[PDB]
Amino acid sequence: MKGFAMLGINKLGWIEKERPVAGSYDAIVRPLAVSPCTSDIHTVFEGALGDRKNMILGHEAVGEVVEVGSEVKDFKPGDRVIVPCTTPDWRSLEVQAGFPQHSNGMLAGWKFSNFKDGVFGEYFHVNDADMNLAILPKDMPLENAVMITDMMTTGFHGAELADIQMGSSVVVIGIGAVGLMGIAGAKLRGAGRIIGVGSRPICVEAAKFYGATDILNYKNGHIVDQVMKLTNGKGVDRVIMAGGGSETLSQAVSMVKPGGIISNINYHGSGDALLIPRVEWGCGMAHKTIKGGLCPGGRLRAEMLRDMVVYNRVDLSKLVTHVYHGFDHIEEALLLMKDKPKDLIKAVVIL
């Protein structure tokens, strides 16, 4: 089979690989729709995942089951499925401790284009079909469903880790796809005021559509000062770090109130470390909790988010700015995420 892989650091291209085979509990799936992610860019041009050879990229996809192992019981060839980017090995001690995302290792739950060929191929492998797949609703637009696989679950997890209270004020730093879902998730957790930080026009409009009551640009001064002016020197209850460099941590700590919570859902791929401003962090005693984690995956997570979409709790269509038709457009779409044109949020390739 043919697949769009990473020939090597800073190098991409199509390669020829043998079709993956399913174990007794797995499934081989063919993509119906896929979407490039900021991670595919990190992994290649930033070596976020060290070096890799002939590895098929991509981890956001909806598709059709074409083959299932003999022990698979809830899925059969022909089924249309939503594939969460995170597909944990459910039989590990990390799962027993309540952290499937790190089953068998840190971030190990995230297999596609991590240490397992991704979805940008004619076919791809899904471990434990019954535990990691969800049926795609009959009338659901492919472009929308693809947003569930990573954008929705990650953004929403940002709001969950933030332990938002009804009426809490929230600042979302970064208004790209993930940050936009962080805003929507924050609203669906009862957030009162929601301040989105970003400037890309199409993103600013989407941020407001999802719930942002205020928008701040870095170009108008220090974000912390801006936030303080909007909150009359009180600061905000919660901060969700969805984009930017390591400097956003320092900003989150400075604008968040003592006893507040900072939730990171941004994948930091550059630099040796992130810095916590001592004074603003109350010298480590201001109860400004710092959290951060990979989006939950698996069947239950996918079905629950899917149902939120079916019940119109969120309109995912506003995330899709570009739609291509044809496997041949994968390279074009991915390169779109690399150059980051100003009118882009997410791109979906419909085979």
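All residue numbers are counted from 1 along the displayed sequence.
Participant: On average, are the C-alpha B-factors higher in 135-143 or in 159-167?
Facilitator: Taking the mean C-alpha B-factor of 135-143 and of 159-167, the larger value falls to 135-143.
Participant: Report the stretch with the higher mean CA temperature factor, choosing between 30-38 and 50-58 on the basis of the entry.
Facilitator: Mean C-alpha B-factor is greater for 50-58.
Participant: Among the choices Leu316, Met308, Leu300, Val323, identify the one whose CA B-factor in the record is greatest.
Facilitator: Max CA B-factor in the entry, restricted to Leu316, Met308, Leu300, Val323: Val323.
Participant: Considering only modelled residues of the same chain, in which third does the CA B-factor of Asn264 rank: lowest, middle or highest?
Facilitator: Within its chain, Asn264 is a lowest-third residue by C-alpha B-factor, going by the deposited values.
Participant: Classify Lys219 as lowest, middle or highest third according to the C-alpha B-factor given in the PDB entry, relative to its own chain.
Facilitator: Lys219: CA B-factor falls in the highest third of its chain.
Participant: Once the chain's modelled residues are ordered by C-alpha B factor and cut into thirds, is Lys208 in the lowest, middle or highest one?
Facilitator: For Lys208, the deposited C-alpha B-factor lands in the middle third.
Participant: Using the B-factors in the PDB entry, rank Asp128's C-alpha atom against the chain and give the third, lowest, middle or highest.
Facilitator: Its C-alpha B-factor, which the entry lists for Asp128, ranks in the middle third among residues of this chain.
Participant: Select lowest, middle or highest to describe the third in which the CA B-factor of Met255 falls within its chain in this entry.
Facilitator: CA B-factor rank for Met255: middle third.
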